[PDB]
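Colleague: Sharing upload-v2.txt (compact mmCIF, C-alpha atoms) below.
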# COMPACT_ATOMS: atom_id res chain seq x y z
CA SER A 1 -125.60 -16.85 -111.67
CA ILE A 2 -122.92 -16.64 -114.36
CA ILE A 3 -123.74 -16.77 -118.06
CA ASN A 4 -122.81 -19.65 -120.35
CA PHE A 5 -119.97 -18.36 -122.50
CA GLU A 6 -119.78 -18.91 -126.25
CA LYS A 7 -116.45 -19.90 -127.77
CA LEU A 8 -114.43 -17.01 -129.17
CA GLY A 9 -113.54 -18.99 -132.31
CA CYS A 10 -110.74 -16.67 -133.39
CA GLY A 11 -109.94 -18.68 -136.53
CA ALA A 12 -107.91 -21.57 -137.90
CA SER A 13 -104.19 -22.09 -138.44
CA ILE A 24 -96.28 -8.79 -122.83
CA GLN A 25 -95.31 -8.99 -119.15
CA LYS A 26 -96.02 -6.56 -116.32
CA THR A 27 -93.68 -6.10 -113.36
CA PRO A 28 -95.09 -6.67 -109.86
CA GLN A 29 -95.30 -3.89 -107.30
CA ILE A 30 -94.53 -4.88 -103.72
CA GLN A 31 -95.50 -3.52 -100.30
CA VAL A 32 -94.25 -5.03 -97.03
CA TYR A 33 -96.10 -3.89 -93.92
CA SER A 34 -97.58 -5.17 -90.68
CA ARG A 35 -101.33 -5.51 -90.17
CA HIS A 36 -101.08 -3.53 -86.92
CA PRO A 37 -98.64 -0.79 -85.86
CA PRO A 38 -95.49 -2.71 -84.92
CA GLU A 39 -94.66 -3.02 -81.23
CA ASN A 40 -91.63 -4.97 -80.04
CA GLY A 41 -92.75 -8.08 -78.19
CA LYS A 42 -96.38 -7.88 -79.35
CA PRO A 43 -97.43 -10.54 -81.90
CA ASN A 44 -98.52 -9.13 -85.25
CA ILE A 45 -98.93 -10.10 -88.91
CA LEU A 46 -96.44 -9.28 -91.67
CA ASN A 47 -98.01 -8.67 -95.09
CA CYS A 48 -96.51 -8.91 -98.57
CA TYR A 49 -98.87 -7.23 -101.05
CA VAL A 50 -98.00 -7.89 -104.70
CA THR A 51 -99.91 -6.14 -107.49
CA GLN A 52 -99.87 -5.20 -111.17
CA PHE A 53 -98.13 -8.36 -112.42
CA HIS A 54 -98.78 -10.58 -115.45
CA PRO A 55 -98.44 -13.57 -116.18
CA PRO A 56 -100.21 -14.78 -113.01
CA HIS A 57 -97.58 -17.39 -112.07
CA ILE A 58 -95.59 -15.83 -109.22
CA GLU A 59 -93.26 -17.14 -106.51
CA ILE A 60 -93.34 -15.28 -103.19
CA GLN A 61 -91.09 -15.90 -100.19
CA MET A 62 -91.00 -14.06 -96.87
CA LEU A 63 -87.58 -13.95 -95.22
CA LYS A 64 -86.51 -13.20 -91.65
CA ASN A 65 -82.82 -12.33 -91.21
CA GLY A 66 -82.13 -13.73 -94.67
CA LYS A 67 -83.63 -17.20 -94.18
CA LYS A 68 -86.95 -18.41 -95.56
CA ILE A 69 -89.95 -18.22 -93.24
CA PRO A 70 -91.50 -21.72 -93.35
CA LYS A 71 -95.28 -21.22 -93.13
CA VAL A 72 -96.67 -18.23 -95.03
CA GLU A 73 -100.31 -18.01 -96.08
CA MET A 74 -101.46 -16.70 -99.45
CA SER A 75 -104.70 -15.11 -100.51
CA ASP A 76 -106.36 -16.61 -103.56
CA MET A 77 -105.22 -14.78 -106.68
CA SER A 78 -107.54 -12.18 -108.20
CA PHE A 79 -107.15 -9.58 -110.94
CA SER A 80 -108.29 -5.99 -111.37
CA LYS A 81 -110.04 -4.21 -114.24
CA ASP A 82 -106.71 -3.45 -115.92
CA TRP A 83 -106.32 -7.28 -116.12
CA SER A 84 -103.24 -7.35 -113.85
CA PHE A 85 -103.12 -9.84 -110.98
CA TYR A 86 -102.66 -9.33 -107.25
CA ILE A 87 -102.18 -11.53 -104.20
CA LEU A 88 -101.61 -11.03 -100.47
CA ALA A 89 -99.00 -13.11 -98.65
CA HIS A 90 -98.92 -12.90 -94.87
CA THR A 91 -97.20 -14.55 -91.92
CA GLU A 92 -97.31 -14.30 -88.14
CA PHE A 93 -94.37 -12.57 -86.50
CA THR A 94 -93.35 -10.82 -83.29
CA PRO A 95 -91.22 -7.79 -84.21
CA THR A 96 -88.06 -6.86 -82.34
CA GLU A 97 -85.69 -3.91 -82.63
CA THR A 98 -83.00 -5.77 -84.60
CA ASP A 99 -84.81 -8.57 -86.46
CA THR A 100 -84.90 -7.97 -90.22
CA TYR A 101 -87.88 -9.04 -92.33
CA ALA A 102 -88.25 -8.98 -96.11
CA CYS A 103 -90.34 -10.34 -98.96
CA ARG A 104 -88.78 -11.86 -102.08
CA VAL A 105 -90.79 -12.11 -105.30
CA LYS A 106 -89.72 -14.12 -108.36
CA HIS A 107 -91.57 -13.22 -111.55
CA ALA A 108 -90.82 -13.79 -115.23
CA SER A 109 -91.02 -10.05 -115.95
CA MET A 110 -87.80 -9.61 -113.92
CA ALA A 111 -84.35 -11.01 -114.63
CA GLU A 112 -83.69 -11.36 -110.88
CA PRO A 113 -85.92 -11.95 -107.84
CA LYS A 114 -87.02 -8.70 -106.20
CA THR A 115 -86.41 -8.34 -102.46
CA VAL A 116 -88.27 -5.67 -100.48
CA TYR A 117 -87.38 -5.21 -96.81
CA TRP A 118 -89.83 -4.29 -94.07
CA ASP A 119 -89.20 -0.64 -93.16
CA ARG A 120 -91.25 0.34 -90.09
CA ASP A 121 -91.94 3.62 -91.93
CA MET A 122 -93.47 1.82 -94.95
CA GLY A 143 -126.91 3.25 -104.12
CA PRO A 144 -125.88 1.08 -107.07
CA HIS A 145 -125.23 -2.63 -106.61
CA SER A 146 -123.33 -5.00 -108.87
CA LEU A 147 -123.08 -8.72 -109.64
CA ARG A 148 -119.87 -9.42 -111.55
CA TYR A 149 -117.92 -12.56 -112.40
CA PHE A 150 -114.14 -12.64 -112.86
CA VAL A 151 -113.06 -15.61 -114.98
CA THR A 152 -109.52 -16.88 -115.53
CA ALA A 153 -108.28 -19.70 -117.75
CA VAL A 154 -104.52 -20.32 -117.66
CA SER A 155 -102.88 -23.00 -119.77
CA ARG A 156 -99.89 -24.91 -118.39
CA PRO A 157 -98.83 -27.24 -121.22
CA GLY A 158 -97.03 -30.29 -119.87
CA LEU A 159 -97.94 -29.36 -116.29
CA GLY A 160 -101.50 -30.62 -116.86
CA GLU A 161 -104.84 -29.28 -118.04
CA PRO A 162 -105.57 -25.53 -118.09
CA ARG A 163 -106.49 -24.13 -114.69
CA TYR A 164 -109.99 -22.63 -114.80
CA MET A 165 -111.50 -20.32 -112.19
CA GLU A 166 -114.81 -18.49 -111.78
CA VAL A 167 -115.14 -15.90 -109.00
CA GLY A 168 -118.37 -14.04 -108.22
CA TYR A 169 -118.64 -10.66 -106.50
CA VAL A 170 -121.68 -8.96 -105.01
CA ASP A 171 -120.42 -5.37 -104.67
CA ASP A 172 -116.68 -6.11 -104.58
CA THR A 173 -117.47 -8.83 -102.01
CA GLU A 174 -116.60 -12.36 -103.14
CA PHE A 175 -119.50 -14.73 -102.49
CA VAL A 176 -118.96 -17.80 -104.75
CA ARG A 177 -115.95 -19.49 -106.31
CA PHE A 178 -115.17 -22.37 -108.67
CA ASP A 179 -111.62 -23.71 -109.01
CA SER A 180 -110.99 -26.54 -111.48
CA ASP A 181 -107.78 -27.38 -109.56
CA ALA A 182 -109.45 -29.91 -107.28
CA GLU A 183 -110.27 -33.61 -107.37
CA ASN A 184 -114.04 -32.96 -107.55
CA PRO A 185 -114.32 -29.23 -108.34
CA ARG A 186 -117.58 -27.66 -107.20
CA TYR A 187 -119.05 -24.21 -106.73
CA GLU A 188 -118.43 -23.19 -103.13
CA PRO A 189 -120.01 -20.51 -100.93
CA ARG A 190 -117.49 -17.81 -100.03
CA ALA A 191 -119.82 -15.88 -97.70
CA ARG A 192 -121.81 -17.38 -94.84
CA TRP A 193 -125.02 -15.79 -96.14
CA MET A 194 -124.72 -17.83 -99.36
CA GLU A 195 -125.11 -21.08 -97.38
CA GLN A 196 -128.91 -20.73 -97.61
CA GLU A 197 -129.03 -21.81 -101.27
CA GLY A 198 -130.29 -25.35 -101.61
CA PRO A 199 -128.53 -28.28 -103.28
CA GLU A 200 -130.02 -27.53 -106.70
CA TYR A 201 -128.26 -24.15 -106.87
CA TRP A 202 -124.78 -25.58 -106.35
CA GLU A 203 -125.39 -28.56 -108.65
CA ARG A 204 -126.30 -26.44 -111.68
CA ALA A 205 -123.71 -23.73 -110.98
CA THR A 206 -120.88 -26.30 -111.00
CA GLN A 207 -122.22 -27.97 -114.15
CA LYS A 208 -122.26 -24.56 -115.86
CA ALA A 209 -118.68 -23.94 -114.70
CA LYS A 210 -117.49 -27.28 -116.06
CA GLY A 211 -119.23 -26.48 -119.34
CA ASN A 212 -117.75 -22.98 -119.34
CA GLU A 213 -114.34 -24.50 -118.59
CA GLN A 214 -114.56 -26.52 -121.83
CA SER A 215 -115.16 -23.41 -123.96
CA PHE A 216 -112.01 -21.74 -122.63
CA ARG A 217 -110.07 -24.97 -123.12
CA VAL A 218 -110.91 -24.89 -126.84
CA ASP A 219 -110.35 -21.13 -127.15
CA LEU A 220 -106.88 -21.37 -125.57
CA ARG A 221 -105.88 -23.91 -128.23
CA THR A 222 -107.03 -21.93 -131.26
CA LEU A 223 -105.86 -18.55 -129.91
CA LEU A 224 -102.30 -19.86 -130.29
CA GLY A 225 -102.29 -19.81 -134.09
CA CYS A 226 -104.49 -16.72 -134.26
CA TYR A 227 -101.64 -14.88 -132.50
CA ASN A 228 -98.80 -16.83 -134.20
CA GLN A 229 -97.53 -18.06 -130.83
CA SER A 230 -95.36 -21.09 -130.12
CA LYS A 231 -97.14 -24.13 -128.72
CA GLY A 232 -95.25 -24.69 -125.45
CA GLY A 233 -95.91 -21.50 -123.49
CA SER A 234 -98.43 -20.48 -120.85
CA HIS A 235 -101.27 -18.14 -121.80
CA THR A 236 -104.31 -16.65 -120.07
CA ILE A 237 -107.89 -15.75 -120.92
CA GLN A 238 -109.67 -13.28 -118.63
CA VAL A 239 -113.35 -12.31 -118.64
CA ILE A 240 -115.31 -9.76 -116.62
CA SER A 241 -119.05 -10.39 -116.91
CA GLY A 242 -121.89 -8.86 -114.93
CA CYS A 243 -124.33 -6.03 -114.36
CA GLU A 244 -124.57 -2.84 -112.31
CA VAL A 245 -128.09 -2.01 -111.10
CA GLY A 246 -129.27 1.34 -109.77
CA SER A 247 -131.55 1.88 -106.80
CA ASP A 248 -134.61 1.86 -109.10
CA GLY A 249 -133.84 -1.71 -110.21
CA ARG A 250 -132.81 -0.57 -113.70
CA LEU A 251 -129.62 -1.65 -115.46
CA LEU A 252 -126.92 1.01 -115.19
CA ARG A 253 -124.09 -0.82 -116.98
CA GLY A 254 -123.47 -4.29 -118.38
CA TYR A 255 -120.00 -5.85 -118.52
CA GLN A 256 -118.71 -8.42 -121.00
CA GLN A 257 -114.98 -7.92 -121.58
CA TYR A 258 -112.40 -10.45 -122.76
CA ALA A 259 -108.61 -10.36 -122.57
CA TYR A 260 -105.91 -12.64 -123.96
CA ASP A 261 -102.50 -12.53 -122.24
CA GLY A 262 -103.48 -9.47 -120.23
CA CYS A 263 -104.44 -7.29 -123.21
CA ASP A 264 -107.88 -6.25 -124.43
CA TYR A 265 -109.47 -8.66 -126.90
CA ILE A 266 -113.22 -8.00 -127.32
CA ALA A 267 -115.84 -6.21 -125.24
CA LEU A 268 -119.54 -5.45 -125.43
CA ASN A 269 -120.23 -1.74 -125.80
CA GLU A 270 -122.29 0.44 -123.47
CA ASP A 271 -125.19 0.28 -125.93
CA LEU A 272 -125.25 -3.50 -125.27
CA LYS A 273 -125.68 -3.96 -129.03
CA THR A 274 -122.20 -3.85 -130.65
CA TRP A 275 -118.67 -5.02 -129.88
CA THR A 276 -115.32 -3.26 -129.64
CA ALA A 277 -112.56 -5.57 -130.90
CA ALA A 278 -109.10 -4.57 -129.70
CA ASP A 279 -106.95 -6.00 -132.52
CA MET A 280 -107.08 -7.91 -135.79
CA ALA A 281 -107.50 -11.38 -134.27
CA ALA A 282 -110.65 -10.33 -132.40
CA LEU A 283 -112.34 -9.22 -135.64
CA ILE A 284 -113.15 -12.83 -136.53
CA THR A 285 -114.86 -13.24 -133.15
CA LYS A 286 -116.82 -10.01 -133.61
CA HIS A 287 -118.07 -10.95 -137.07
CA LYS A 288 -118.96 -14.44 -135.83
CA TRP A 289 -120.86 -13.07 -132.84
CA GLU A 290 -122.80 -10.59 -134.99
CA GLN A 291 -124.13 -13.36 -137.24
CA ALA A 292 -124.95 -15.43 -134.14
CA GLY A 293 -126.82 -12.60 -132.40
CA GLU A 294 -124.58 -12.93 -129.35
CA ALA A 295 -124.98 -9.28 -128.33
CA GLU A 296 -128.74 -9.82 -127.99
CA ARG A 297 -128.24 -13.00 -125.96
CA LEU A 298 -126.13 -11.01 -123.49
CA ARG A 299 -128.51 -8.04 -123.35
CA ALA A 300 -131.18 -10.54 -122.30
CA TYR A 301 -128.85 -11.98 -119.66
CA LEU A 302 -127.75 -8.59 -118.32
CA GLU A 303 -131.07 -6.72 -118.36
CA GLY A 304 -132.87 -9.79 -117.02
CA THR A 305 -131.17 -12.84 -115.51
CA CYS A 306 -128.25 -10.88 -114.03
CA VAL A 307 -130.60 -8.29 -112.50
CA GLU A 308 -132.91 -10.84 -110.88
CA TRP A 309 -130.08 -12.92 -109.39
CA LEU A 310 -128.41 -9.84 -107.89
CA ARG A 311 -131.76 -9.15 -106.22
CA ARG A 312 -131.83 -12.67 -104.76
CA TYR A 313 -128.22 -12.38 -103.59
CA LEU A 314 -128.70 -8.93 -102.03
CA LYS A 315 -131.61 -10.18 -99.91
CA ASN A 316 -129.60 -13.06 -98.42
CA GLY A 317 -126.63 -10.80 -97.66
CA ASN A 318 -128.43 -7.63 -96.60
CA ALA A 319 -127.22 -7.80 -92.99
CA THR A 320 -123.54 -7.94 -94.02
CA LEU A 321 -122.99 -6.40 -97.46
CA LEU A 322 -123.88 -2.75 -96.73
CA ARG A 323 -121.29 -2.31 -93.96
CA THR A 324 -118.94 0.67 -93.84
CA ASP A 325 -115.96 1.01 -91.50
CA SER A 326 -114.82 4.55 -90.77
CA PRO A 327 -111.06 5.17 -90.86
CA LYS A 328 -109.25 5.84 -87.61
CA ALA A 329 -106.40 8.28 -88.18
CA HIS A 330 -103.20 9.39 -86.46
CA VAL A 331 -99.96 11.19 -87.34
CA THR A 332 -96.44 9.88 -86.73
CA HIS A 333 -93.23 11.89 -86.59
CA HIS A 334 -89.95 10.89 -88.24
CA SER A 335 -86.53 12.54 -88.35
CA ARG A 336 -84.82 13.54 -91.60
CA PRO A 337 -81.40 14.93 -92.63
CA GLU A 338 -80.69 18.45 -91.36
CA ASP A 339 -83.69 20.52 -90.09
CA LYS A 340 -86.54 18.56 -91.71
CA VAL A 341 -88.98 15.98 -90.36
CA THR A 342 -91.60 13.72 -91.91
CA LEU A 343 -95.24 13.88 -90.83
CA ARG A 344 -97.01 10.68 -91.89
CA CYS A 345 -100.81 10.67 -91.73
CA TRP A 346 -102.20 7.16 -91.25
CA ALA A 347 -105.68 5.86 -92.01
CA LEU A 348 -106.43 2.41 -90.60
CA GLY A 349 -109.26 -0.09 -90.40
CA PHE A 350 -111.51 1.43 -93.06
CA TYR A 351 -113.85 -0.21 -95.58
CA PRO A 352 -114.35 0.23 -98.45
CA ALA A 353 -110.91 0.92 -99.92
CA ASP A 354 -111.72 4.28 -101.55
CA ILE A 355 -110.26 7.11 -99.47
CA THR A 356 -108.47 10.45 -99.82
CA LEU A 357 -105.63 11.87 -97.71
CA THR A 358 -104.45 15.48 -97.97
CA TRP A 359 -101.89 17.60 -96.14
CA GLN A 360 -102.59 21.30 -95.69
CA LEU A 361 -100.51 24.35 -94.79
CA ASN A 362 -102.31 27.68 -94.29
CA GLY A 363 -105.64 26.33 -95.52
CA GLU A 364 -104.16 25.22 -98.86
CA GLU A 365 -103.47 21.67 -100.04
CA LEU A 366 -99.87 20.52 -100.48
CA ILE A 367 -98.57 18.72 -103.56
CA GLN A 368 -94.84 18.86 -104.17
CA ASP A 369 -93.13 17.32 -101.12
CA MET A 370 -95.86 14.76 -100.36
CA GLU A 371 -95.50 10.98 -100.68
CA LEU A 372 -98.24 8.34 -100.82
CA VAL A 373 -98.70 4.60 -100.76
CA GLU A 374 -101.30 2.73 -102.74
CA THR A 375 -104.20 1.60 -100.58
CA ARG A 376 -103.41 -1.85 -99.22
CA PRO A 377 -105.36 -4.58 -97.41
CA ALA A 378 -104.66 -5.19 -93.75
CA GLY A 379 -105.73 -8.84 -94.10
CA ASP A 380 -108.85 -8.66 -91.89
CA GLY A 381 -111.21 -7.09 -94.44
CA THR A 382 -110.20 -3.48 -93.76
CA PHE A 383 -107.66 -1.33 -95.60
CA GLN A 384 -104.81 1.03 -94.77
CA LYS A 385 -103.22 4.08 -96.38
CA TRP A 386 -100.85 6.86 -95.42
CA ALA A 387 -99.69 10.16 -96.88
CA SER A 388 -96.52 11.89 -95.70
CA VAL A 389 -95.05 15.37 -96.04
CA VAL A 390 -91.65 16.92 -95.32
CA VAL A 391 -91.89 20.01 -93.11
CA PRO A 392 -89.31 22.21 -91.34
CA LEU A 393 -88.30 21.15 -87.84
CA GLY A 394 -90.30 23.08 -85.26
CA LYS A 395 -93.10 23.92 -87.73
CA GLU A 396 -95.07 20.69 -87.23
CA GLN A 397 -98.12 22.47 -85.77
CA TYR A 398 -98.56 24.42 -89.03
CA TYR A 399 -99.69 21.31 -90.93
CA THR A 400 -103.05 19.52 -90.88
CA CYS A 401 -103.93 16.17 -92.42
CA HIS A 402 -107.41 15.60 -93.86
CA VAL A 403 -109.10 12.20 -94.24
CA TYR A 404 -112.09 11.89 -96.60
CA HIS A 405 -114.05 8.63 -96.46
CA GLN A 406 -117.67 7.77 -97.25
CA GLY A 407 -118.11 6.33 -93.75
CA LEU A 408 -117.08 9.59 -92.08
CA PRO A 409 -119.97 11.98 -91.34
CA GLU A 410 -117.42 14.81 -91.59
CA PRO A 411 -113.82 14.61 -92.84
CA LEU A 412 -111.22 14.06 -90.13
CA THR A 413 -108.73 16.83 -89.39
CA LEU A 414 -105.72 16.17 -87.17
CA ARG A 415 -102.14 17.25 -86.48
CA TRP A 416 -98.96 15.80 -85.04
CA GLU A 417 -99.35 15.57 -81.26
CA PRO A 418 -96.30 14.77 -79.04
Rewrite the coordinates I just gave you, this time as C-alpha cells.

Modeller:
Amino acid sequence: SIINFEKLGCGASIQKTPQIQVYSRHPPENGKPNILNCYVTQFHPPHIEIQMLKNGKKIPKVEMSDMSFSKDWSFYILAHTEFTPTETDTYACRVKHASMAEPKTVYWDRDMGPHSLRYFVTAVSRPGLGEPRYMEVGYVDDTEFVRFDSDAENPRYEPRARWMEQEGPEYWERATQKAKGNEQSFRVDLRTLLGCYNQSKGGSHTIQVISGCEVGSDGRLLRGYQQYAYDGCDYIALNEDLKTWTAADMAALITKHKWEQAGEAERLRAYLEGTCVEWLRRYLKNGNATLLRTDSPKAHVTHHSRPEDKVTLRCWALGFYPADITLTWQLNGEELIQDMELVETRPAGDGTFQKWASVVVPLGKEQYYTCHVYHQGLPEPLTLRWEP
C-alpha cells in the first residue's frame, strides 16, 4: 500500500540519449518463428518513438512493454515483434528521441533473504495535449504486482500478478482513491515547479518518486526509500537515518524547510517502519509460491571469424532470472580484461534475461580459453569451452 504524498511546495513565482539493443528472444534459425526485440534504455524525457523496420519498411504491429524507470531516473522500454528470420532479410529498430538531432537506426546483427516493497511514481505534464499523465507502479522484489495509470476512462488500481487477485473489493477501491488523491498533489507540484526552476510554461516535465521499504529476514527495516526527482535529476530524498532530508539543489531547500516544520520525516518513518513492513508481509504470503523463483542460466559458446588469424569466442547465458549475473573469460587460470566485449543484460521478453561476453583469441587456440558463468541459481559456477 503506497503512502499519501505531501505536496513539495517549492515556492511561488537535461536530456539523456537512449541506448539500443536489437536481438531475438531465441537463437535465430532460418525458417523458425522467433521474436525480435528492441531494448531501449537510459533515455530522458520519457516520450520516445520506436519503429521496427524490415528491409527498410515499417513493421505494422509491434508490441511495447509499459514504460518503467531505474534508480538513476532514466527510462526504459522493450519493443518486440514476431518474425521468421531468413538469410537475406534485414531487420532494424529506429528510435526517435529529443536528445538526438536525427532518429537512431540500429540493425539486427546475428552476432549482437531481504524482501522489498517499493513504488515507482511518474507524473509527466503534456501542456495542450491534455492533463498530466500520472502512474503508480508497485514492486514486490523487482516483481511488478499492482499498477495505476491515469490515462484511462475510469482509471483504477489493477492487479499485475495473478496472486494479487485474492484481495477483496475494498483493497482496490481505497488504493485507487489514494492514487487519484496522489495524482492531484503531483498536478499542483508540476505547476509550481515551473517558476521555481525559471522554466517556460509550454514544455513537458516529469516528477519521479521511489518510495518503499526493504525488510530483512528478521522482519526489521533494513532501508527506507523516499526519493524525488524533477526532470530526471535529484530533488529531495530522505536520509538513511529516516530523520533528515538531502536536498539536491537550491529549489529543494524550500521543500526541506517546509517538511521539517511539518514533521514529514516522522510521518514517513512511521509509514516505512510500520505500514510498509506489514503490507509487504501480506503481499509476500499471497505470492510465496511464485516470487522466490530462480532460473539458472544455460550457457554455450559460439565461434565467429575475424580478419586475419583471429576468431571471436562469444559466451552466452540464456533464460536466467534474476538479471544479476557475471561472465568471465579465462586463459591459463587467469581472468581476461583487455580484448573482451560485453553487452548489458537484456530481457528476453518471457521473464528471463540474456547476456554474453566475447573475447578475441588466435585461430587454432580456441581450446585454451574457458568461459565462467556466475549466477545465484547455479549451485556451482558453469565452466565451458568452444566445442565444434

Colleague: Between atom CA of residue 178 of chain A and atom CA of residue 49 of chain A, measure the distance and give it in Å to one decimal.

Modeller: 23.5 Å

Colleague: What are the closest atom pairs, with distances in Å to one decimal, for each residue of segment 144-263 of chain A lying within 9 Å of segment 71-80 of chain A, using all atoms listed in the file, rows by chain and rising residue number, as a tab-separated table?

Modeller:
residue	atom	partner	partner_atom	distance
A:150	CA	A:79	CA	7.9
A:152	CA	A:78	CA	8.9
A:167	CA	A:78	CA	8.5
A:238	CA	A:79	CA	8.9

Colleague: Ranking A:109, A:222, A:1, A:51 by minimum distance to residue 82 of chain A and counting all atoms listed in the file, which one comes first?

Modeller: A:51

Colleague: With all atoms of segment 233-244 of chain A from the file as input, state the centre and edge lengths in Å to one decimal of the axis-aligned box that has 6 Å extra on each side, as JSON.

Modeller:
{"center_x": -110.2, "center_y": -12.2, "center_z": -117.9, "size_x": 40.7, "size_y": 30.7, "size_z": 23.2}

Colleague: To one decimal in Å, tell me the separation between atom CA of residue 198 of chain A and atom CA of residue 165 of chain A.

Modeller: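 Separating atom CA of residue 198 of chain A from atom CA of residue 165 of chain A is a distance of 22.1 Å.
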
Colleague: Tell me which of A:201, A:330, A:381, A:7 sits closest to residue 349 of chain A, counting only C-alpha atoms.

Modeller: A:381

Colleague: I need the residue nearest residue 305 of chain A from this list: A:147, A:383, A:153, A:284. Use all atoms listed in the file for the distance.

Modeller: A:147

Colleague: What gap, in Å, lies between atom CA of residue 387 of chain A and atom CA of residue 343 of chain A?

Modeller: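 Pair atom CA of residue 387 of chain A / atom CA of residue 343 of chain A returns 8.4 Å.
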
Colleague: Which residues, protein or nucleic acid, reach to within 12 Å of (-97.9, 25.6, -97.0) in the file's coordinates when using all atoms listed in the file, and can you give that as a ChimeraX atom specification?

Modeller: /A:359-370,389-392,395-400

Colleague: Kindly save the residues from that selection, with C-alpha atoms included, as an mmCIF file, in the coordinates of the input.

Modeller:
data_model
loop_
_atom_site.group_PDB
_atom_site.id
_atom_site.type_symbol
_atom_site.label_atom_id
_atom_site.label_comp_id
_atom_site.auth_asym_id
_atom_site.auth_seq_id
_atom_site.Cartn_x
_atom_site.Cartn_y
_atom_site.Cartn_z
ATOM 1 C CA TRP A 359 -101.890 17.600 -96.140
ATOM 2 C CA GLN A 360 -102.590 21.300 -95.690
ATOM 3 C CA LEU A 361 -100.510 24.350 -94.790
ATOM 4 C CA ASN A 362 -102.310 27.680 -94.290
ATOM 5 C CA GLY A 363 -105.640 26.330 -95.520
ATOM 6 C CA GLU A 364 -104.160 25.220 -98.860
ATOM 7 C CA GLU A 365 -103.470 21.670 -100.040
ATOM 8 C CA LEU A 366 -99.870 20.520 -100.480
ATOM 9 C CA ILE A 367 -98.570 18.720 -103.560
ATOM 10 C CA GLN A 368 -94.840 18.860 -104.170
ATOM 11 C CA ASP A 369 -93.130 17.320 -101.120
ATOM 12 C CA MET A 370 -95.860 14.760 -100.360
ATOM 13 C CA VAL A 389 -95.050 15.370 -96.040
ATOM 14 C CA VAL A 390 -91.650 16.920 -95.320
ATOM 15 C CA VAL A 391 -91.890 20.010 -93.110
ATOM 16 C CA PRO A 392 -89.310 22.210 -91.340
ATOM 17 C CA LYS A 395 -93.100 23.920 -87.730
ATOM 18 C CA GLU A 396 -95.070 20.690 -87.230
ATOM 19 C CA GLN A 397 -98.120 22.470 -85.770
ATOM 20 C CA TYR A 398 -98.560 24.420 -89.030
ATOM 21 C CA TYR A 399 -99.690 21.310 -90.930
ATOM 22 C CA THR A 400 -103.050 19.520 -90.880
#

Colleague: Could I get segment 280-291 of chain A rebuilt with N, CA, C and O atoms, written as a short mmCIF file (atom, residue, chain, number, x, y, z; two decimals), in the coordinates of the input?

Modeller:
data_model
loop_
_atom_site.label_atom_id
_atom_site.label_comp_id
_atom_site.auth_asym_id
_atom_site.auth_seq_id
_atom_site.Cartn_x
_atom_site.Cartn_y
_atom_site.Cartn_z
N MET A 280 -106.64 -7.24 -134.57
CA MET A 280 -107.08 -7.91 -135.79
C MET A 280 -107.65 -9.29 -135.50
O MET A 280 -108.63 -9.71 -136.13
N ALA A 281 -107.05 -10.02 -134.56
CA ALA A 281 -107.50 -11.38 -134.27
C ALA A 281 -108.94 -11.39 -133.76
O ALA A 281 -109.71 -12.29 -134.09
N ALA A 282 -109.31 -10.38 -132.97
CA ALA A 282 -110.65 -10.33 -132.40
C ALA A 282 -111.72 -9.96 -133.41
O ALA A 282 -112.91 -10.02 -133.08
N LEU A 283 -111.34 -9.58 -134.63
CA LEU A 283 -112.34 -9.22 -135.64
C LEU A 283 -113.10 -10.44 -136.13
O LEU A 283 -114.27 -10.33 -136.50
N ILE A 284 -112.45 -11.61 -136.15
CA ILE A 284 -113.15 -12.83 -136.53
C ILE A 284 -114.20 -13.19 -135.49
O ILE A 284 -115.31 -13.64 -135.82
N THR A 285 -113.88 -13.00 -134.21
CA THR A 285 -114.86 -13.24 -133.15
C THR A 285 -116.03 -12.28 -133.26
O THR A 285 -117.19 -12.68 -133.10
N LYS A 286 -115.75 -11.00 -133.53
CA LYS A 286 -116.82 -10.01 -133.61
C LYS A 286 -117.77 -10.31 -134.76
O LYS A 286 -118.99 -10.29 -134.58
N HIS A 287 -117.22 -10.60 -135.94
CA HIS A 287 -118.07 -10.95 -137.07
C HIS A 287 -118.88 -12.21 -136.77
O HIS A 287 -120.08 -12.27 -137.08
N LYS A 288 -118.25 -13.21 -136.16
CA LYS A 288 -118.96 -14.44 -135.83
C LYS A 288 -120.08 -14.19 -134.84
O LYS A 288 -121.16 -14.79 -134.94
N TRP A 289 -119.85 -13.32 -133.86
CA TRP A 289 -120.86 -13.07 -132.84
C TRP A 289 -121.99 -12.18 -133.35
O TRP A 289 -123.10 -12.22 -132.81
N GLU A 290 -121.73 -11.36 -134.37
CA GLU A 290 -122.80 -10.59 -134.99
C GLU A 290 -123.78 -11.50 -135.72
O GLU A 290 -125.00 -11.38 -135.53
N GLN A 291 -123.27 -12.42 -136.54
CA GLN A 291 -124.13 -13.36 -137.24
C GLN A 291 -124.91 -14.24 -136.26
O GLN A 291 -126.05 -14.62 -136.55
#
